[PDB]
Amino acid sequence: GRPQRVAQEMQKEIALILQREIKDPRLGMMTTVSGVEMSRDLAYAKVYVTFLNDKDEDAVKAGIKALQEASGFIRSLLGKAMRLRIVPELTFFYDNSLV
Amino acid sequence: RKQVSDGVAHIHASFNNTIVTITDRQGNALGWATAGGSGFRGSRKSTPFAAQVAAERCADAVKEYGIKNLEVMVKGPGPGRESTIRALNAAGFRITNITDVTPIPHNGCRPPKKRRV
Amino acid sequence: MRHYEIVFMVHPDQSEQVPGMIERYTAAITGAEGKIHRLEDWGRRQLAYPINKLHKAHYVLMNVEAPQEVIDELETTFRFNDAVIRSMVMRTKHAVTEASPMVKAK
Amino acid sequence: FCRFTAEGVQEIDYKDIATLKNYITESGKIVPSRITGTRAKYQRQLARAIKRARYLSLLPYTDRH
Amino acid sequence: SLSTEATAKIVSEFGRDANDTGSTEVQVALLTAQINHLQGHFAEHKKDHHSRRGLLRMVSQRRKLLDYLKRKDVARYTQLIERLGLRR
RNA sequence: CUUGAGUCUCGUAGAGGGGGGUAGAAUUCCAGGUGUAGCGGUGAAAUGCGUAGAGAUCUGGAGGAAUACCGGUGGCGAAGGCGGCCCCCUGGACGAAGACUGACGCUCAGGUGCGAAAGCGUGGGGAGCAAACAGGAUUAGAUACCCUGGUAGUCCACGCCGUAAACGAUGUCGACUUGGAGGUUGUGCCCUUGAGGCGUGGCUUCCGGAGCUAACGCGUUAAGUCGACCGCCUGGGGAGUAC
Ligand SMILES: [Mg+2]
Ligand SMILES: [Mg+2]
Ligand SMILES: [Mg+2]
Ligand SMILES: [Mg+2]
Ligand SMILES: [Mg+2]
Ligand SMILES: [Mg+2]
Ligand SMILES: [Mg+2]
Ligand SMILES: [Mg+2]
Ligand SMILES: [Mg+2]
Ligand SMILES: [Mg+2]
Ligand SMILES: [Mg+2]
Ligand SMILES: [Mg+2]
Ligand SMILES: [Mg+2]
Ligand SMILES: [Mg+2]
Ligand SMILES: [Mg+2]
Ligand SMILES: [Mg+2]
Ligand SMILES: [Mg+2]
Ligand SMILES: [Mg+2]
Ligand SMILES: [Mg+2]
Ligand SMILES: [Mg+2]
Ligand SMILES: [Mg+2]
Ligand SMILES: [Mg+2]
């Protein structure tokens, strides 16, 4: 379907499987997701994660590192959850909400 | 109108809205503002900026009750938890603890079917 | 003629009613040719969550070796008595005559 | 790791609240053997003992009470 | 299944000695004892199909043991099937 | 005769099965406390809900269905399948050491039973979910996808149905043939003993050798080397259709 509708739905699903089904102590901080933008093809998607812990890079760096290392696990969960064709490749990014 | 000086803020952070309500420690509510009722609709109805706007609009309606000590309980992993938290933190309030209290069942009821989009 | 661990809680408002029920049940299970290998009265304890809007329930433990009939009418009495709020009957392959961790603190 | 094998306990008492509290979180949910290093047999025994203790109100189901 | 006392008594009864647990007679006797006992179980748990699979297996193996006995020496076979009230 | 196949003894692990209880979250609803104009929903919207006071929040109650965490590149079962806890009835598997029976074995047309889900008959139940349907939208078109509702059904009892990409797309049984890394469950012996070391079984996952294969790949749980029996195939369509 349209990339933005799939973007909204995938934001919902990533937020869900990010709040509940994680066990990495590197993650935490009520990690939210501001949104996710994906290409016209649904093959690739970029998530904009927003952390809470102090914005000091020592921690948000570790958070994005853990997310990128668990991307395979999150992709498997997404593929079983949200019922689409290709299970896009995920790329996490710190959304600098404070500007 | 009275003095409690120690309240708790429920933050229902839906994927389409954000409902912040400050209540007495025994569940009796005081006031509330919504991301929708803050002059936002559609997408902006569920954006973090509108969430903090609603948080501040709700704080401005309970200040006459005289509180600056809060525990907050968030529900729903919607965008607009971070926002309202830092908002009511920037509203001169002292937050002692923030707690995830989203209702998670032990396989209670069957969820609605996935959207084919 | 199996071994059972029977742990039940009593309404705290009937705390002194406990030894009566204790000796009554032991008499019932012994008059049925069933031994009793342990009996601990942990007494009043603070619950980990409310039970009928209540805390501070009276815990009591028993270890029996008895036939199944006496055990089933015992749990029947448990059900139809209201001073007990919650009971639990489990099986054991052996006989346990030791100190429960709720009496080693004492 | 594998503390229960060192203990050699045949079974884990549900009455051993002091021991069981080391295998649940503040939330009150059981901790996976993946991080506690518990043998699978003793992890099953832990799950059963903890569920029994929860029933007898010796341990909380959740932290919401 | 059968309790230790029941099996010990049946072995002592149909067997040659106390430790003749392998003879076809004691095997058939144990099987028919367990079958008769399981009849009461299946009288009320009539949709317990897995236990019924086990029961049918033991019925079948009793049948083939009886056939082997009848082919080995018919005298003992008839004496047994009359002491147990079978094959009718 | 005892090596195959069984019986006994002592134990072990298991969501194996049937029955009956019970617990704690959550959804819904009903009644109250607090508290006021939005809630809900979408890529945007409206249908919908609320000034009779919703939504949000706390307390209490009713009811139904399913059992988070544990949870596993786990376990059990002939397969289908099986997941809170407790009791009762019950099936199978495995191990150690013996004792016993003495080929009692393997396979199996016809036959018999079991057999997801949907469906059918009778009665009950009905929270959530949801074919059909009723709307709201979108669209050239929407009888779809999306949204708000929503009946059968999903649940229980007793019968019927007997089909699935019912799959490992791999029939059952037995023997034999280099390795390596794991999981799981027994068990023997030894060390100062827990710890640890050296063994030895069952089940199971993943690499890979010879060999095999059209290739992909399989590879001691074979698709390798053999034996026993059974099922089945003979170009595509017509057609798993007609009679
Ligand atoms: Mg949205
Ligand atoms: Mg047997
Ligand atoms: Mg079971
Ligand atoms: Mg009702
Ligand atoms: Mg058994
Ligand atoms: Mg001989
Ligand atoms: Mg046939
Ligand atoms: Mg059905
Ligand atoms: Mg019909
Ligand atoms: Mg029907
Ligand atoms: Mg009906
Ligand atoms: Mg619906
Ligand atoms: Mg077929
Ligand atoms: Mg299947
Ligand atoms: Mg086939
Ligand atoms: Mg073979
Ligand atoms: Mg198996
Ligand atoms: Mg291979
Ligand atoms: Mg072969
Ligand atoms: Mg081939
Ligand atoms: Mg042809
Ligand atoms: Mg036909």
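Thresholds applied
Residues numbered from 1 in each chain as written, not as in the entry; some residues may be left out. Chains lettered and ligands numbered in written order. Part of a larger assembly, values for the part shown. Heavy atoms only, no water. Helix = DSSP H or I, 4+ residues; strand = E, 2+ residues; numbered from the N terminus. Polar contact = N/O pair within 3.5 Å; in protein donor to acceptor, adjacent residues only side chain to side chain. Expected span 1.5 Å × (residues − 1). Buried < 20%, exposed > 50% of the residue type's maximum accessible area, 1.4 Å probe, protein only. Arc of directions from axis to C-beta. Contact = heavy atoms within 4.5 Å. Buried area = accessible area lost by both parts, 1.4 Å probe. Salt bridge = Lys/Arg side-chain N within 4 Å of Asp/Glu carboxyl O.

Deposited coordinates in this entry are attributed by the record to cryo-EM, at a stated resolution of 2.82 Å.

A. Highlighting the side chain of E:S23. Among the structural elements, E:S23 can be located in the loop between α1 (4–14) and α2 (24–44). Polar side-chain contacts of E:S23 include one of 2.9 Å to the side chain of E:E25.

B. Expanded view of helix α1 (residues 18–31) of chain C. Residue and element names in this part refer to chain C. The terminal C-alpha atoms of α1 lie 20 Å apart, and with 14 residues this matches the ideal 20 Å at 1.5 Å per residue to within 8%. Among the residues making up α1, those that are buried are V18, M21, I22, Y25, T26 and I29. With its buried residues spanning 130° around the axis, α1 presents them on a single face. Pointing more than 90 degrees away from the buried face of α1 are the exposed residues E23 and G31.

C. Examining the arrangement of the chains more closely. With 4 pairs of chains in contact overall, the contact-richest pair is chains C and D. Across all C-alpha pairs, the smallest distance from chain B to chain C is 16 Å, and the two are not in contact. A gap remains between chain D and chain E, which never touch, and the nearest two C-alpha atoms on either side lie 25 Å apart.

D. Looking closely at the interface of chain C and chain D. Facing 21 residues of chain C, the contacting portion of chain D comprises 15 residues. Interface area, chain C with chain D, both sides summed: about 1400 Å², of which 66% is carbon and sulfur. In this structure, the connection of chain C to chain D is made through 1 salt bridge. Between D:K15 and C:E5 there is a salt bridge, and its shortest N-O distance comes to 2.9 Å. The interface formed by chain C and chain D holds 8 residue pairs in polar contact in total. Ranked by residues supplied to the side of chain C that touches chain D, first place goes to strand β4 (residues 84–92) of chain C with 4 residues.

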